[PDB]
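J.: Okay, handing you the structure first.
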Amino acid sequence: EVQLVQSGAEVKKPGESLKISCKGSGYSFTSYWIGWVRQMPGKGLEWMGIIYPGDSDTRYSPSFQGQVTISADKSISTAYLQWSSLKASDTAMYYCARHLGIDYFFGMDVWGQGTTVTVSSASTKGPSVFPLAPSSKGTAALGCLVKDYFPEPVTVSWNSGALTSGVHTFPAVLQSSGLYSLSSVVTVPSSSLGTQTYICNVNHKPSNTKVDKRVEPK
Amino acid sequence: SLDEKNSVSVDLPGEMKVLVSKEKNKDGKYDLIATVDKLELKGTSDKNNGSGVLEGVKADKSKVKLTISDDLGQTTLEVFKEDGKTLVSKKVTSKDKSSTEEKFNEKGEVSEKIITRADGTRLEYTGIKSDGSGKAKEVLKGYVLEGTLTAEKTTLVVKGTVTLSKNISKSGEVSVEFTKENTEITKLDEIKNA
Amino acid sequence: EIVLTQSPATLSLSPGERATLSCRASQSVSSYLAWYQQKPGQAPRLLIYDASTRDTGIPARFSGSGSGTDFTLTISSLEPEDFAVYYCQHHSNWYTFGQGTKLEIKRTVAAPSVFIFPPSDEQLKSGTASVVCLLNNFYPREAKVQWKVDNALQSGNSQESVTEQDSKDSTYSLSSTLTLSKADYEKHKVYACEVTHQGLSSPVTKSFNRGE
Ligand SMILES: [Cl-]
Ligand SMILES: [Cl-]
Ligand SMILES: [Cl-]
Ligand SMILES: [Cl-]
């Protein structure tokens with residue numbers, strides 16, 4: 001019944017201000033420090049700082065001092081993390097967590113579910129879907145290249161969900177253009193390239209983009 | 001429970017004592033019993049040494065935990081709030097009768113700190129701030145001295161215009177602008193003269 | 001500053017085995033060390049605090065010990081849900097987290113199946129050429145991909161990504177993408193992806209000739 005609930009995912013552009021929130025339930029919010037923790041994509045955890053909502057005493061890590069402002073509204077058990085001018089490098093996952101002790105330390109024992117912040121100069125854009133046709137050849141590989149979309153996520157299924165065995169859908173990479181790209185592949189017996197049909201179903205809900213791409217051998 | 005015939009008494013640092021199970025308990029280990037300030041604490045452990053952890057709860061729902069080092073030369077007594085996680089006090093007594101006791105404020109900062117030397121004299125710090133400053137009071141064999149604490153040194157003073165100080169720093173320096181059993185000098189009024 | 005070092009970076013075990021994770025500090029420090037578990041897509045969970053006390057609800061198979069410089073998280077016998085990243089965190093240095101230890105499933109060495117895909121004719125009408133190299137179902141994770149264009153070593157023009165350890169066969173897969181402009185792509189003949197991995201007795205290459 002003790003819990004912290006964070007506000008929803010954020011897609012922002014560089015320079016914009018942003019204020020994300022962390023609401024406490026089931027305990028005396030003003031009796032404990034609340035901390036904020038950063039995790040950049042593919043990286044470990046970084047302690048940013050803490051606030052005591054009883055009197056808004058705030059302590060920042062020297063790594064984040066002056067880069068962010070932590071605040072709190074004691075009357076609604078909410079803590080806040082804010083930037084006045086977001087950077088692309090601020091793209092990360094942010095957790096709030098209850099921080100136990102100053103001159104002693106018993107860890108951070110209650111965590112929010114996290115808030116994703118994406119900071120890009122890009123605007124919403126649906127993907128392009130290119131075939132990855134099987135070569136001349138027994139196991140064969142074929143797939144779809146899902147290129148130049150924003151923001152995440154995109155979903156890929158094969159033959160409307162009828163083909164799941166041997167399917168690998170890769171994490172997206174961020175290209176130099178600020179657009180995302182990924183690929184989905186599937187290994188099939190080369191016996192069935194002349195008979196079995198292979199279609200990849202790509203859905204990008206931020207742009208309402210649904211694409212079905214038939215992958216044929218050359 | 002455990003008494004004179006089903007246990008063995010073990011002397012611990014800080015003039016505490018603990019009783020240990022005779023042979024072994026029902027499911028493998030030895031049982032430990034120690035009473036601390038009206039409250040008896042129960043703990044299970046191997047080793048039959050006297051070492052291990054003992055816990056207990058007070059009438060005001062505060063939790064107590066007592067850990068005894070393996071060589072039995074150190075003792076840690078922690079008092080928690082009802083949540084079992086907010087530290088109210090933490091005292092570490094050593095075999096040589098010396099100890100340090102920290103008392104934490106509602107924020108989890110050391111606001112009071114008592115340092116007991118082996119001879120029994122105490123150094124008490126109250127109203128500690130995040131600055132690193134506060135009040136300083138040395139408890140001696142007979143009299144009390146009062147002064148101020150800074151993150152740099154510790155100054156103690158007795159007060160006509162003849163008012164000279166006593167300085168103890170981060171380390172064990174002692175300068176005067178002196179005895180090793182911490183004192184010839186006698187009692188409180190008698191300091192003003194020399 | 002006081003620095004935490006977790007060992008090993010990757011611990012590869014199986015369900016049923018005993019797991020020991022190390023956190024070491026560059027100086028003797030107090031007992032205020034905490035351990036966390038984080039599974040993919042989930043928030044961290046506190047396991048141990050004050051070096052040795054278990055948090056509420058944490059199963060008994062987790063235990064912590066240590067003092068001074070050497071601290072240990074022990075998992076007496078691993079369950080499937082115990083395979084995750086583990087972080088330590090100490091009071092010193094403004095509550096800095098350690099870099100983390102990944103606890104992964106150990107399986108038999110398996111060489112990857114390698115595949116190369118030329119750019120589709122549709123993409124080329126747009127002006128870009130993506131060449132894709134697939135490394136399927138290999139273990140362990142360590143794998144190097146090197147791109148060769150007319151036998152010239154390529155650098156700074158590719159991106160790769162790896163899947164999470166597969167739920168049924170415990171293998172990894174890797175996709176490497178080589179992006180050039182259509183003008184640069186139509187300037188060279190042979191495109192090659194060279195894979196190096198300990199399950200192969202030598203590096204393996206897949207290639208094609210443009211226009212064939
Ligand atoms: Cl409380
Ligand atoms: Cl990819
Ligand atoms: Cl070479
Ligand atoms: Cl081999």
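Labels used: A, B, ... for chains in the order of the structure tokens, numbers from 1 for residues in each chain, and numbers from 1 for ligands as shown.
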Could the residues that lie within 8 Å of ligand 4, counting only C-alpha atoms and all ligand atoms, be listed as a list in words?

T.: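 So the residues close to ligand 4 are residues 198, 199, 200, 201 and 202 of chain C.
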
J.: Tell me, as number ranges by chain, which residues lie within 6 Å of residue 37 of chain A, counting only C-alpha atoms; anything in the same chain fewer than 2 positions away does not count.

T.: A: 46-48, 94-95

J.: Would you mind exporting the chosen residues as a compact mmCIF listing (two decimals), in the first residue's frame, restricted to N, CA and C atoms?

T.:
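Contents of selection.txt, freshly written:
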# COMPACT_ATOMS: atom_id res chain seq x y z
N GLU A 46 21.89 6.47 -11.76
CA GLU A 46 22.60 7.67 -11.31
C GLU A 46 21.74 8.43 -10.31
N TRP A 47 22.25 8.59 -9.09
CA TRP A 47 21.57 9.34 -8.03
C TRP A 47 21.70 10.84 -8.30
N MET A 48 20.57 11.53 -8.45
CA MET A 48 20.58 12.96 -8.78
C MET A 48 20.49 13.86 -7.56
N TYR A 94 13.67 8.29 -15.77
CA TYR A 94 13.80 8.94 -14.47
C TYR A 94 12.91 8.24 -13.45
N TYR A 95 13.50 7.82 -12.33
CA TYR A 95 12.77 7.23 -11.22
C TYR A 95 12.81 8.17 -10.03

J.: Determine, for each residue of chain C having at least one atom at most 12 Å from an atom of ligand 3, the closest pair of atoms and their separation in Å to one decimal, counting only C-alpha atoms and all ligand atoms; order by chain and ascending number, as JSON lines.

T.:
{"residue": "C:146", "atom": "CA", "partner": "ligand 3", "partner_atom_place_in_ligand_line": "1 (Cl)", "distance": 9.3}
{"residue": "C:147", "atom": "CA", "partner": "ligand 3", "partner_atom_place_in_ligand_line": "1 (Cl)", "distance": 10.4}
{"residue": "C:148", "atom": "CA", "partner": "ligand 3", "partner_atom_place_in_ligand_line": "1 (Cl)", "distance": 9.0}
{"residue": "C:149", "atom": "CA", "partner": "ligand 3", "partner_atom_place_in_ligand_line": "1 (Cl)", "distance": 11.9}
{"residue": "C:151", "atom": "CA", "partner": "ligand 3", "partner_atom_place_in_ligand_line": "1 (Cl)", "distance": 8.3}
{"residue": "C:152", "atom": "CA", "partner": "ligand 3", "partner_atom_place_in_ligand_line": "1 (Cl)", "distance": 8.9}
{"residue": "C:153", "atom": "CA", "partner": "ligand 3", "partner_atom_place_in_ligand_line": "1 (Cl)", "distance": 7.8}
{"residue": "C:154", "atom": "CA", "partner": "ligand 3", "partner_atom_place_in_ligand_line": "1 (Cl)", "distance": 11.2}
{"residue": "C:192", "atom": "CA", "partner": "ligand 3", "partner_atom_place_in_ligand_line": "1 (Cl)", "distance": 11.6}
{"residue": "C:193", "atom": "CA", "partner": "ligand 3", "partner_atom_place_in_ligand_line": "1 (Cl)", "distance": 11.7}
{"residue": "C:194", "atom": "CA", "partner": "ligand 3", "partner_atom_place_in_ligand_line": "1 (Cl)", "distance": 9.3}
{"residue": "C:195", "atom": "CA", "partner": "ligand 3", "partner_atom_place_in_ligand_line": "1 (Cl)", "distance": 11.6}
{"residue": "C:196", "atom": "CA", "partner": "ligand 3", "partner_atom_place_in_ligand_line": "1 (Cl)", "distance": 11.6}
{"residue": "C:203", "atom": "CA", "partner": "ligand 3", "partner_atom_place_in_ligand_line": "1 (Cl)", "distance": 10.0}
{"residue": "C:204", "atom": "CA", "partner": "ligand 3", "partner_atom_place_in_ligand_line": "1 (Cl)", "distance": 11.7}
{"residue": "C:205", "atom": "CA", "partner": "ligand 3", "partner_atom_place_in_ligand_line": "1 (Cl)", "distance": 11.1}

J.: Which chains and residue numbers are within 10 Å of ligand 1, counting only C-alpha atoms and all ligand atoms, if I want them as a PyMOL selection string?

T.: (chain A and resi 27-32) or (chain B and resi 80-86+106)

J.: Name all residues at most 8 Å from segment 32-48 of chain C (count only C-alpha atoms; drop same-chain ones fewer than 2 positions away) and give them as JSON, numbers by chain.

T.: {"A": [95, 104, 105, 106, 107, 108, 109, 110, 111, 112, 113, 114], "C": [30, 50, 51, 52, 53, 54, 55, 58, 62, 63, 64, 73, 83, 84, 85, 86, 87, 88, 89, 90, 91]}

J.: Just C-alpha atoms for this one: save the residues we selected as a short mmCIF file (atom, residue, chain, number, x, y, z; two decimals), in the first residue's frame.

T.:
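Final output, saved to part39.cif:
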data_model
loop_
_atom_site.label_atom_id
_atom_site.label_comp_id
_atom_site.auth_asym_id
_atom_site.auth_seq_id
_atom_site.Cartn_x
_atom_site.Cartn_y
_atom_site.Cartn_z
CA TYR A 95 12.77 7.23 -11.22
CA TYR A 104 23.17 6.87 7.90
CA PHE A 105 21.94 5.22 4.70
CA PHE A 106 19.53 2.28 4.37
CA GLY A 107 19.06 2.53 0.60
CA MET A 108 16.09 3.60 -1.51
CA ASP A 109 13.28 1.29 -0.55
CA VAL A 110 10.21 2.43 -2.54
CA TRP A 111 10.36 3.24 -6.25
CA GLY A 112 8.08 4.84 -8.78
CA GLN A 113 7.45 3.00 -12.02
CA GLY A 114 9.66 5.45 -13.89
CA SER C 30 30.92 1.81 6.78
CA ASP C 50 23.06 -1.93 5.80
CA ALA C 51 25.16 -4.62 4.05
CA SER C 52 23.33 -7.52 5.69
CA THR C 53 19.63 -6.89 6.48
CA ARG C 54 16.98 -8.12 4.03
CA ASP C 55 14.19 -5.81 2.91
CA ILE C 58 12.66 -10.35 -0.17
CA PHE C 62 19.15 -13.55 -0.90
CA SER C 63 21.70 -12.60 1.72
CA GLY C 64 24.34 -9.93 2.16
CA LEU C 73 25.50 -10.52 -2.29
CA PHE C 83 18.39 -13.40 -13.77
CA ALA C 84 18.71 -9.63 -13.94
CA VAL C 85 21.14 -6.74 -13.37
CA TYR C 86 22.28 -6.15 -9.78
CA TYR C 87 23.46 -2.78 -8.42
CA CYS C 88 25.20 -1.88 -5.19
CA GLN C 89 25.01 1.59 -3.60
CA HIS C 90 26.96 3.06 -0.66
CA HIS C 91 26.50 6.14 1.52
#

J.: Just want the 9 Å neighbourhood of segment 124-129 of chain C, counted on only C-alpha atoms, with same-chain residues fewer than 3 positions away dropped. Output as a PDB file with C-alpha atoms, in the first residue's frame.

T.:
ATOM      1  CA  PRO C 118      21.740  -6.134 -49.828  1.00  0.00           C
ATOM      2  CA  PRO C 119      19.740  -2.880 -49.964  1.00  0.00           C
ATOM      3  CA  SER C 120      16.266  -3.319 -51.408  1.00  0.00           C
ATOM      4  CA  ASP C 121      15.626  -1.806 -54.827  1.00  0.00           C
ATOM      5  CA  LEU C 178      25.688  -0.299 -42.876  1.00  0.00           C
ATOM      6  CA  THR C 179      24.280   2.947 -44.286  1.00  0.00           C
ATOM      7  CA  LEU C 180      25.749   4.740 -47.300  1.00  0.00           C
ATOM      8  CA  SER C 181      24.405   7.174 -49.845  1.00  0.00           C
ATOM      9  CA  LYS C 182      23.194   5.641 -53.093  1.00  0.00           C
ATOM     10  CA  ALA C 183      26.031   7.400 -54.938  1.00  0.00           C
ATOM     11  CA  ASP C 184      28.653   5.876 -52.640  1.00  0.00           C
ATOM     12  CA  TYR C 185      26.918   2.481 -52.711  1.00  0.00           C
TER      13      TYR C 185
END

J.: Please list as a VMD selection string every residue within 8 Å of segment 88-94 of chain B, counting only C-alpha atoms and excluding residues in the same chain fewer than 5 positions away.

T.: chain B and resid 13 to 14 73 to 81 99 to 105

J.: Selection from above, C-alpha atoms, as an mmCIF file, in the first residue's frame, can you write it?

T.:
data_model
loop_
_atom_site.group_PDB
_atom_site.id
_atom_site.type_symbol
_atom_site.label_atom_id
_atom_site.label_comp_id
_atom_site.auth_asym_id
_atom_site.auth_seq_id
_atom_site.Cartn_x
_atom_site.Cartn_y
_atom_site.Cartn_z
ATOM 1 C CA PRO B 13 31.392 -5.021 25.873
ATOM 2 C CA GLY B 14 29.387 -2.278 27.520
ATOM 3 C CA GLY B 73 34.981 -7.160 21.068
ATOM 4 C CA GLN B 74 32.309 -4.806 19.729
ATOM 5 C CA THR B 75 28.608 -4.188 20.349
ATOM 6 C CA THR B 76 26.084 -2.229 18.257
ATOM 7 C CA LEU B 77 22.712 -1.128 19.662
ATOM 8 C CA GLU B 78 20.302 0.449 17.172
ATOM 9 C CA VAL B 79 16.874 1.888 18.013
ATOM 10 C CA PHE B 80 14.450 2.287 15.101
ATOM 11 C CA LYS B 81 11.061 3.952 14.781
ATOM 12 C CA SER B 99 31.798 4.076 22.834
ATOM 13 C CA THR B 100 30.165 6.426 20.334
ATOM 14 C CA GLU B 101 26.430 7.157 20.345
ATOM 15 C CA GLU B 102 24.602 8.961 17.545
ATOM 16 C CA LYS B 103 21.085 10.378 17.863
ATOM 17 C CA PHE B 104 19.351 11.294 14.609
ATOM 18 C CA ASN B 105 16.756 13.987 14.005
#

J.: List every residue of chain A that has an atom at most 10 Å from any atom of ligand 2, and for each one report the closest atom pair and its distance in Å to one decimal, counting only C-alpha atoms and all ligand atoms, with rows sorted by chain and then by increasing residue number, as a tab-separated table.

T.:
residue	atom	partner	partner_atom_place_in_ligand_line	distance
A:144	CA	ligand 2	1 (Cl)	9.7
A:145	CA	ligand 2	1 (Cl)	7.4
A:146	CA	ligand 2	1 (Cl)	8.3
A:147	CA	ligand 2	1 (Cl)	8.8
A:169	CA	ligand 2	1 (Cl)	8.6
A:170	CA	ligand 2	1 (Cl)	5.9
A:171	CA	ligand 2	1 (Cl)	7.0
A:172	CA	ligand 2	1 (Cl)	6.2
A:173	CA	ligand 2	1 (Cl)	6.5
A:174	CA	ligand 2	1 (Cl)	9.7
A:180	CA	ligand 2	1 (Cl)	9.4
A:181	CA	ligand 2	1 (Cl)	6.2
A:182	CA	ligand 2	1 (Cl)	4.0
A:183	CA	ligand 2	1 (Cl)	4.6
A:184	CA	ligand 2	1 (Cl)	7.8
A:185	CA	ligand 2	1 (Cl)	9.8

J.: Store the residues picked out above in a file with N, CA and C atoms, as a PDB file, in the first residue's frame.

T.:
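For reference, selection-v4.pdb as written:
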ATOM      1  N   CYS A 144      12.376  -7.600 -42.327  1.00  0.00           N
ATOM      2  CA  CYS A 144      11.881  -6.268 -42.660  1.00  0.00           C
ATOM      3  C   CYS A 144      12.782  -5.222 -42.022  1.00  0.00           C
ATOM      4  N   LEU A 145      13.105  -4.182 -42.781  1.00  0.00           N
ATOM      5  CA  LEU A 145      13.828  -3.024 -42.272  1.00  0.00           C
ATOM      6  C   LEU A 145      12.833  -1.883 -42.066  1.00  0.00           C
ATOM      7  N   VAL A 146      12.701  -1.426 -40.821  1.00  0.00           N
ATOM      8  CA  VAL A 146      11.709  -0.431 -40.422  1.00  0.00           C
ATOM      9  C   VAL A 146      12.470   0.855 -40.112  1.00  0.00           C
ATOM     10  N   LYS A 147      12.485   1.784 -41.060  1.00  0.00           N
ATOM     11  CA  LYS A 147      13.484   2.843 -41.086  1.00  0.00           C
ATOM     12  C   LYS A 147      12.852   4.225 -40.974  1.00  0.00           C
ATOM     13  N   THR A 169      12.947  -9.568 -33.131  1.00  0.00           N
ATOM     14  CA  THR A 169      12.721  -8.150 -33.395  1.00  0.00           C
ATOM     15  C   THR A 169      13.727  -7.336 -32.589  1.00  0.00           C
ATOM     16  N   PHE A 170      14.556  -6.574 -33.286  1.00  0.00           N
ATOM     17  CA  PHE A 170      15.691  -5.965 -32.613  1.00  0.00           C
ATOM     18  C   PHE A 170      15.304  -4.643 -31.951  1.00  0.00           C
ATOM     19  N   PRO A 171      15.975  -4.306 -30.851  1.00  0.00           N
ATOM     20  CA  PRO A 171      15.842  -2.954 -30.294  1.00  0.00           C
ATOM     21  C   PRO A 171      16.134  -1.922 -31.363  1.00  0.00           C
ATOM     22  N   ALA A 172      15.412  -0.808 -31.309  1.00  0.00           N
ATOM     23  CA  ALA A 172      15.676   0.276 -32.242  1.00  0.00           C
ATOM     24  C   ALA A 172      16.987   0.980 -31.897  1.00  0.00           C
ATOM     25  N   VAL A 173      17.654   1.500 -32.925  1.00  0.00           N
ATOM     26  CA  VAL A 173      18.795   2.391 -32.756  1.00  0.00           C
ATOM     27  C   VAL A 173      18.377   3.782 -33.208  1.00  0.00           C
ATOM     28  N   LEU A 174      18.967   4.797 -32.578  1.00  0.00           N
ATOM     29  CA  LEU A 174      18.747   6.192 -32.954  1.00  0.00           C
ATOM     30  C   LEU A 174      19.805   6.586 -33.976  1.00  0.00           C
ATOM     31  N   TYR A 180      14.499   6.994 -35.654  1.00  0.00           N
ATOM     32  CA  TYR A 180      14.750   5.637 -35.193  1.00  0.00           C
ATOM     33  C   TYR A 180      14.724   4.666 -36.367  1.00  0.00           C
ATOM     34  N   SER A 181      15.365   3.514 -36.168  1.00  0.00           N
ATOM     35  CA  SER A 181      15.385   2.460 -37.170  1.00  0.00           C
ATOM     36  C   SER A 181      15.565   1.129 -36.458  1.00  0.00           C
ATOM     37  N   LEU A 182      14.848   0.105 -36.927  1.00  0.00           N
ATOM     38  CA  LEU A 182      15.023  -1.247 -36.412  1.00  0.00           C
ATOM     39  C   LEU A 182      14.795  -2.252 -37.534  1.00  0.00           C
ATOM     40  N   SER A 183      15.020  -3.525 -37.219  1.00  0.00           N
ATOM     41  CA  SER A 183      14.747  -4.594 -38.164  1.00  0.00           C
ATOM     42  C   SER A 183      14.200  -5.802 -37.425  1.00  0.00           C
ATOM     43  N   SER A 184      13.311  -6.516 -38.105  1.00  0.00           N
ATOM     44  CA  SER A 184      12.738  -7.761 -37.624  1.00  0.00           C
ATOM     45  C   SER A 184      13.066  -8.853 -38.635  1.00  0.00           C
ATOM     46  N   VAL A 185      13.551  -9.994 -38.148  1.00  0.00           N
ATOM     47  CA  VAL A 185      13.944 -11.106 -39.007  1.00  0.00           C
ATOM     48  C   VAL A 185      13.273 -12.383 -38.519  1.00  0.00           C
TER      49      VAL A 185
END

J.: Identify which of the residues B:185, B:34, B:156, B:128 lies closest to chain A, counting only C-alpha atoms when measuring atom-to-atom distances.

T.: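 Smallest distance to chain A is found for B:128.
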
J.: Find the residue from B:157, B:136, B:72, B:87 that sits nearest to chain A; use only C-alpha atoms when measuring.

T.: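 Comparing B:157, B:136, B:72, B:87 against chain A, the winner is B:87.
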
J.: Once you count only C-alpha atoms, which residues of chain A turn out to be within 7 Å of chain B? Could you give them as a PyMOL selection string?

T.: chain A and resi 101-104

J.: Pull N, CA and C atoms from the residues just selected and write them as an mmCIF file, in the first residue's frame.

T.:
data_model
loop_
_atom_site.group_PDB
_atom_site.id
_atom_site.type_symbol
_atom_site.label_atom_id
_atom_site.label_comp_id
_atom_site.auth_asym_id
_atom_site.auth_seq_id
_atom_site.Cartn_x
_atom_site.Cartn_y
_atom_site.Cartn_z
ATOM 1 N N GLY A 101 17.707 8.013 5.138
ATOM 2 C CA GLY A 101 18.822 8.435 5.982
ATOM 3 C C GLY A 101 19.791 9.363 5.274
ATOM 4 N N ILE A 102 20.326 10.320 6.041
ATOM 5 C CA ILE A 102 21.338 11.251 5.546
ATOM 6 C C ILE A 102 22.722 10.850 6.054
ATOM 7 N N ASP A 103 22.920 10.887 7.379
ATOM 8 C CA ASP A 103 24.202 10.519 7.979
ATOM 9 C C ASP A 103 24.325 9.020 8.219
ATOM 10 N N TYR A 104 23.214 8.298 8.168
ATOM 11 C CA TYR A 104 23.174 6.873 7.897
ATOM 12 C C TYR A 104 22.491 6.688 6.550
#

J.: Where does DSSP see strand (DSSP E or B) in segment 13-166 of chain B, if you list the residues as a PyMOL selection string?

T.: chain B and resi 17-21+30-36+39-45+52-57+63-68+74-80+87-94+99-104+110-116+122-126+134-139+144-149+153-157+165-166

J.: May I have the residues within 8 Å of residue 212 of chain A as a list in words, using only C-alpha atoms and disregarding those fewer than 5 positions away in the same chain?

T.: residues 199, 200, 201 and 202 of chain A

J.: Restricting the calculation to only C-alpha atoms: of B:69, B:155, B:116, B:150, which residue gets closest to chain C?

T.: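 Looking at the shortest contact to chain C, the residue is B:69.
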
J.: Can you pull out the residues contacting residue 176 of chain A? Cut-off 12 Å, using only C-alpha atoms, and skip same-chain residues under 6 positions away; I want them as a PDB file with C-alpha atoms, in the first residue's frame.

T.:
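The result, written out as result36.pdb:
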ATOM      1  CA  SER A 120      14.526  15.315 -29.934  1.00  0.00           C
ATOM      2  CA  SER A 121      14.386  18.048 -32.536  1.00  0.00           C
ATOM      3  CA  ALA A 122      12.411  15.549 -34.638  1.00  0.00           C
ATOM      4  CA  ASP A 148      13.212   6.524 -40.129  1.00  0.00           C
TER       5      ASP A 148
ATOM      6  CA  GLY C 156      31.971   4.992 -38.285  1.00  0.00           C
ATOM      7  CA  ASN C 157      29.116   4.220 -40.700  1.00  0.00           C
ATOM      8  CA  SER C 158      27.360   1.293 -39.007  1.00  0.00           C
ATOM      9  CA  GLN C 159      25.046   0.691 -36.059  1.00  0.00           C
ATOM     10  CA  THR C 179      24.280   2.947 -44.286  1.00  0.00           C
TER      11      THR C 179
END

J.: So, with only C-alpha atoms as the atoms that count, which of A:125, A:204, A:210, A:98 lies closest to chain C?

T.: A:98

J.: Interatomic distance between atom CA of residue 16 of chain B and atom CA of residue 95 of chain B?

T.: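 The value is 11.0 Å.
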
J.: Do you have the atom CA of residue 3 of chain C-atom CA of residue 43 of chain A distance handy?

T.: 17.5 Å
